[PDB]
Number of protein chains: 2
Amino acid sequence: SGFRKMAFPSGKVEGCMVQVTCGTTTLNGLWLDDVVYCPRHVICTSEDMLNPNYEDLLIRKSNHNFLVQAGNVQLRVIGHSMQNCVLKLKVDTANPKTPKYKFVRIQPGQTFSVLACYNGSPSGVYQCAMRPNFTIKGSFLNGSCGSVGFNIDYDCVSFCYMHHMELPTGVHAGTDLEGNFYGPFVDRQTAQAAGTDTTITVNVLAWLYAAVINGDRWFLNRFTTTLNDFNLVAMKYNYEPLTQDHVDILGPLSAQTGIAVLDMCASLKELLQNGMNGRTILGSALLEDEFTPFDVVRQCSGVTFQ
Amino acid sequence: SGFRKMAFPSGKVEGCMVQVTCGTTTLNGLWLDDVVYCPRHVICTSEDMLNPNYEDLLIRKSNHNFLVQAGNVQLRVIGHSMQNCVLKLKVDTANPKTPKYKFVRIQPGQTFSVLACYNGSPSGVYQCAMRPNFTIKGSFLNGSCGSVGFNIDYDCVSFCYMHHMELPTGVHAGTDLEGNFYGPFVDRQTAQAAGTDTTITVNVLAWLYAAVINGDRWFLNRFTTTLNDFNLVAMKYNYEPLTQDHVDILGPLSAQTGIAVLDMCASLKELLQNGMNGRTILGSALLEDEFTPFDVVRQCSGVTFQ
Ligand SMILES: CCOC(=O)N1Cc2ccncc2C1
Ligand SMILES: CCOC(=O)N1Cc2ccncc2C1
């Protein structure tokens, strides 16, 4: 027992991180097979980032202007192309450490691990969620761009995020591995307002189930509710609406605990209306929303990777 | 910017995890050079764990009774010895993935990463602290024993923890890699009371400095205090006493922020006496104590490993 914010083991992804330098800009690249993926803003000067025309900036770049370093080895660039907001740099050597992998575009409320890197070297790993406003609350310093977010299903790494931008408010924006930003964000140093950071209701309910499984039961109340009644209250507290699809996904945690999903919704409703009265749940004084139902099952059943 | 509970990248340690089976008991081992380290309670039956005599149980074990599996390969055991509460199993093959490593015994309040494993396979990585009562608040299920805690200094892994026990209260006990338990705990299924889980004051102050660096400044007050005045208040709230050694260690964060350590102590004192009034600091509604000063500097300066 015990319940922790747990990242995937990072070894498979560590073996894919490289350094990419264009002129005076250095950031991280992801080396899979004979392609290195990196943010296209590697081609920009600080000045350019105000109003970059990426197609025009690319005209003045050749294969030999992209410096790709894997530890101590230079990789030979034999081709480059822009796909949305990423560069694909073709190299003459397939990464010998390429794991089985996929590129997936995730939905808001889905969680993933980030391997924060500087100069192609891993600094740390942590668990994130795609927020409902399509930002993530990461830990990223200058030079972290091209750090990736991923999930692992046994031996297959699903890459879902590449880091591109910090907004003026200190939250983070980036792309999938096809270079499409999550949400309305652009790779330009302009005014980009994040919308309302709503709470991922289905994830709070998952984490309440995790709490019960781990013996933290004080918040279980004597009530039930309906989806409509719950959603009227949830909306007021900037909670995402709960759907029948969400209820269905929580079914297995409902069965393991014997607590009906709508009963757990009525417990949550009372926590929202009454607060935690200075109590904690799984060592938190607020309602955690960065565990999915799949995460809770995974961590509570000890599923393995390799 | 942004501030996350960040683990070390786990790849170096993933390459060291094996499965150890003795009779009907399976747990995890750590394979470094030609030695596998695992909890000695691998030799116990559920029945034995009530009152085990490990020396007597060991008499009935030979090298060929320890089944060591590294993925699909069996390792040949050519020697075994008991060191405190760990078994050292000599194998005929040096781990080709052995990183540079050390065995260190940590002090209460020090943090480390845990790679939670089942059947010698990594499930997840998370950051822990050695509590002042020498427990850790982990995430461990049956089969997790022999999972390790570690820190990395560039290319050298410092192993500081091996998982052995869950106490009746659902907190965790284990050893250093010489097999000496942290605190008074024993590898016996008996009544073992954890003492007071005090808050690691120096770590709370580090995290307050992290908050200021990341622009979360609302709690900065107009007061200062002294070590004695602060410590009288801290004691009342089951905070560890702050020493001049602690003040000295916070010196660099003091200098970067221009906030005197005793000023930050007076801010903390007001948070203890007044609570957070429903506000958050770095997205937490309680005072986080599982970041060291070295962790804050590391995460705020983007230090790298490889
Ligand atoms: C000029 C100082 O730059 C920063 O502080 N950054 C840029 C940057 C870019 C992407 N993620 C995080 C950060 C933090
Ligand atoms: C009989 C059921 O056993 C458990 O629930 N454990 C044992 C155990 C041993 C070490 N860490 C965690 C756990 C959780």
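Its PDB record attributes the structure to X-ray crystallography, giving the resolution as 1.61 Å.

Enquirer: Explain the environment of B:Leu208 to me, please; I cannot follow it from the model alone.
Expert: Residues and elements named next belong to chain B. By the element assignment, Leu208 lies in helix α3 (residues 201-213). Spatially, the C-alpha atom of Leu208 lies 9.2 Å from that of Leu220, the residues being twelve residues apart in sequence. Beyond its immediate stretch of four places on either side in the chain, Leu208 contacts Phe219, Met264, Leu268, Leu271 and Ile281.

Enquirer: Before we go on, may I ask you to explain the pattern of salt bridges in this structure?
Expert: Overall, the coordinates contain 26 salt bridges over all chains when judged by the stated rule. The partner of A:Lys90 in a salt bridge is A:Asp34, and the shortest N-O contact between them spans 3.2 Å. Residue A:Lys90 is found in strand β7 (residues 86-91), and its partner A:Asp34 is found in the loop between β2 (25-32) and β3 (35-39); the two are separated by 56 residues along the sequence. A:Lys90 gets classed as partly exposed once you look at its relative accessible area, which sits at 36%. Exposure remark for A:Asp34: the relative accessible area of 25% places this residue in the partly exposed category. Close ionic contact of B:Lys5 with B:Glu288 constitutes a salt bridge, the shortest N to O distance being 3.4 Å. With a gap of 283 residues between them, B:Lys5 in the segment before α1 (11-14) and B:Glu288 in the loop between α7 (261-274) and α8 (293-301) connect regions that are remote in the sequence. Here B:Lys5 falls in the partly exposed class, since its relative accessible area comes to 30%. Residues joined by salt bridges that share partners form a network here, namely A:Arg4, B:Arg131, B:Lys137, B:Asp197, B:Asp289 and B:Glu290.

Enquirer: Looking at this structure, how should I read the nonpolar core?
Expert: The tendency in soluble globular proteins is for nonpolar side chains to be buried side by side. Counting residues in hydrophobic clusters, the biggest one holds 42 residues, and the most contacted among them are A:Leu30, A:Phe159, B:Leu30 and B:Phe159. In terms of nonpolar packing, the next biggest core, distinct from the first, is built from 35 residues, B:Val202, B:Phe230, B:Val247 and B:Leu253 among them.

Enquirer: Would you mind going over the domain arrangement of chain A with me for this structure?
Expert: Many structure descriptions define interface size as the accessible area lost when the parts assemble. Residue and element names in this part refer to chain A. Partitioning chain A into domains gives domain 1 (1-14 + 100-197), domain 2 (15-99) and domain 3 (198-301). The three residues of domain 1 that bury the most area against domain 3 are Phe3, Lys5 and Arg131, which together make up 42% of that side's buried surface. At the boundary of domain 1 with domain 3, the tally comes to three salt bridges. In this structure, the connection of domain 1 to domain 3 is made through ten residue pairs in polar contact. Ranked by residues supplied to the side of domain 1 that touches domain 3, first place goes to strand β10 (residues 121-129) with three residues. Of the residues belonging to the side of domain 1 that touches domain 3, the class tally is seven nonpolar, seven polar and four charged.

Enquirer: Can you help me understand the sheet that holds β7(A) in this one?
Expert: To summarise the sheet geometry, strands pair through backbone hydrogen bonds and adopt either a parallel or an antiparallel arrangement. All names here are of chain A. Taken together, seven strands build an open sheet; the order of strands is β5-β4-β1-β2-β3-β7-β6 and the sheet is antiparallel. Because the sheet does not close on itself, it has two edges, and the strands there are β5 (73-75) and β6 (77-83). Sheet twist, expressed as the average angle between the axes of neighbouring strands with direction ignored, equals 30 degrees. The pairing of strand β1 (residues 17-22) with β2 spans six bridges and is antiparallel. By the bridge assignment for β2, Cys22 is matched with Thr25.

Enquirer: Mind showing me how you'd approach the interface of chain B and chain A here?
Expert: Between chain B and chain A, the residue contacts involve 45 residues of the former and 45 residues of the latter. With both chains or domains summed, chain B and chain A bury close to 3300 Å², and 47% of this area falls on carbon and sulfur atoms. Joining chain B to chain A, the criterion identifies two salt bridges. Among the salt bridges present, the one from A:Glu290 reaches B:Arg4, with a minimum N-O distance of 2.8 Å. Summed over the shared surface of chain B and chain A, the number is 29 residue pairs in polar contact. Looking at the side of chain B that touches chain A, the elements that each hand over two or more residues are α1, β9 (111-118), β10 (121-129) and α8 of chain B. Among the elements that take part in the side of chain B that touches chain A, β10(B) stands out by supplying eight residues, more than any other. Its residues assigned to classes, the side of chain B that touches chain A shows 18 nonpolar, 21 polar and six charged.

Enquirer: Just to check I follow, could you spell out the sheet that holds strand β2 (residues 25-32) of chain B for this structure?
Expert: All names here are of chain B. Pairing within the open sheet is antiparallel, and its seven strands lie in the order β5-β4-β1-β2-β3-β7-β6. Taken across any chain shown, the strands that pair with only one partner, and hence form the sheet edges, are β5 (73-75) and β6 (77-83). Averaged over all pairs of adjacent strands, the angle between their axes in this sheet comes to 30 degrees, without regard to strand direction. The sheet contact formed by β6 and strand β7 (residues 86-91) spans six bridges and is antiparallel. When the bridges of β7 are listed, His80 appears paired with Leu89.

Enquirer: Sorry if this is basic, but what is going on with the packing of α3(B) against α8(B) here?
Expert: To characterise two packed helices, one gives the angle between the axes of the helices and the distance between these axes. All names here are of chain B. At a minimum axis distance of 8 Å, the contact between α3 and α8 shows a crossing angle of 20 degrees. Taken together, the axis directions place α3 and α8 in an arrangement best described as roughly parallel. For the pair α3 and α8, the crossing hand works out as right-handed. Judged by residue contacts, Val202, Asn203, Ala206, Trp207, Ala210 and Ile213 of α3 engage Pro293, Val296 and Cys300 from α8.

Enquirer: When you look at the site of ligand 1 in this model, what are you seeing that I'm missing?
Expert: By nearness alone, every residue bordering ligand 1 is listed as A:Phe140, A:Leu141, A:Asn142, A:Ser144, A:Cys145, A:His163, A:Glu166 and B:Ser1. More than a single chain frames ligand 1: its nearby residues are located in chains A and B. Take A:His163: an N or O atom from its side chain is 2.9 Å from a nitrogen atom of ligand 1. Here ligand 1 loses 56% of its free accessible area of 360 Å² to cover by the protein chains. Its residues assigned to classes, the shell around ligand 1 comprises three nonpolar, four polar and one charged.

Enquirer: Please clarify how the site of ligand 2 should be interpreted in this entry.
Expert: Near ligand 2 you find A:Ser1, B:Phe140, B:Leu141, B:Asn142, B:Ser144, B:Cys145, B:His163 and B:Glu166, and these make up its full shell. Proximal residues around ligand 2 fall on chains A and B, making this an inter-chain site. The separation between a nitrogen atom of ligand 2 and a polar side-chain atom of B:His163 is 2.9 Å. Burial of ligand 2 by the protein amounts to 55% of the accessible area it has alone, namely 360 Å². When its residues are assigned to classes, the shell around ligand 2 shows three nonpolar, four polar and one charged.

Cut-offs used in this document
Residues numbered from 1 in each chain as written, not as in the entry; some residues may be left out. Chains lettered and ligands numbered in written order. Heavy atoms only, no water. Helix = DSSP H or I, 4+ residues; strand = E, 2+ residues; numbered from the N terminus. Contact = heavy atoms within 4.5 Å. Salt bridge = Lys/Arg side-chain N within 4 Å of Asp/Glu carboxyl O. Buried < 20%, exposed > 50% of the residue type's maximum accessible area, 1.4 Å probe, protein only. Core = buried A, V, L, I, M, F, W, Y, C linked by side-chain atoms within 4.5 Å. Domains from an automatic or database assignment. Buried area = accessible area lost by both parts, 1.4 Å probe. Polar contact = N/O pair within 3.5 Å; in protein donor to acceptor, adjacent residues only side chain to side chain. Nonpolar A, V, L, I, M, F, W, Y, C, P; charged D, E, K, R; others polar. Pairing = 2+ DSSP bridges. Axes fitted to C-alpha atoms, helices over the stretch in contact; angles between N-to-C directions. Parallel < 35°, antiparallel > 145°, perpendicular 65-115°, else oblique. Left-handed = near helix turned anticlockwise from the far one by under 90°. Near = heavy atom within 4 Å. Areas by Shrake-Rupley, 256 points an atom, 1.4 Å probe, with all protein chains shown as cover.

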